[PDB]
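In structure tokens, one chain follows: the form deposited in one PDB entry.
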């Protein structure tokens, strides 16, 4: 059950942009989107892959808890917030790729593939380097498939411990106030065309949950704030947030 609400295209038009927003009303089990075809087009997950990567790392004990310190590897990189020690909370918040590349090496090719199949995550293909396949390898996932994966995480239904799922959902916390809670992860995929930006997660209300997954063309980094802004425009229009 998926309704094409093409009136949302205006929110992309207004901003000089092309993309898709997908919403899922958990209570009514109804889905909405501006573009059914792009909603099912698969892209590299890029930094949104930190969600399954964190889950696998916790379930295998590569990460013991959300306070364990991961030492900076001593390589100065362009994003300054990466050149410091991190735990799981701050590595997610600052999208610290080197920490997650190390997770993937310690998970290893065999267990990564097995768990992604267990997760039904995208096309379950990890072809490429073990520490970069979600950046420039074979894995692809659509907006609707992100939703399906996130729904399982929300319900503690993934095939990892309940504890690992609770810790990752804590690490995904982005915004909270008296009206809603957002747990989400951004992404920006540049190594292979098309360059796109991601925002995936959900909005917790008192009596319902709205899952969302959006991607949009992102020729330059100047447009990155449109990921959250366009999603919220749709969320507001649909009365989900004030």
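Numbering follows the first chain given and starts at 1. Superpose the two forms; the largest set of C-alphas matching within 1.5 Å is the rigid core.
- Stretch 66 to 74 is the one, of 22 to 30 and 66 to 74, whose CA positions lie farther from the shown form in 7 other deposited structures of this protein once all structures are superposed by the rigid core.
- The stretch 34 to 42 shows the higher mean C-alpha B-factor when 34 to 42 is compared against 174 to 182 in the entry.
- Here the stretch with the larger average CA B-factor, out of 161 to 169 and 138 to 146, is 138 to 146.
- Sorting the modelled residues of the chain by their CA temperature factor places residue 200 in the lowest third.
- Sort the modelled residues of the chain by CA B factor and residue 117 lands in the highest third.
- Residue 111: CA B factor lies in the highest third for its chain, per the PDB record.
- For residue 101, the recorded CA B-factor ranks within the middle third of the chain. Only modelled residues enter the ranking.
- Per the deposited record, the Cα B-factor of residue 61 falls in the middle third when ranked against the other modelled residues of its chain.
Omitted here: the form solved in complex with a small molecule. The next part is about that form.
- Contact with the small molecule in the bound PDB entry holds for all three of 27, 206 and 240, each having a heavy atom within 4.5 Å.
- When the small molecule is considered in the bound PDB entry, residue 32 lines it closely, a heavy atom lying within 4.5 Å.
- The shortest heavy atom separation between residue 211 and the small molecule in the bound PDB entry exceeds 4.5 Å.
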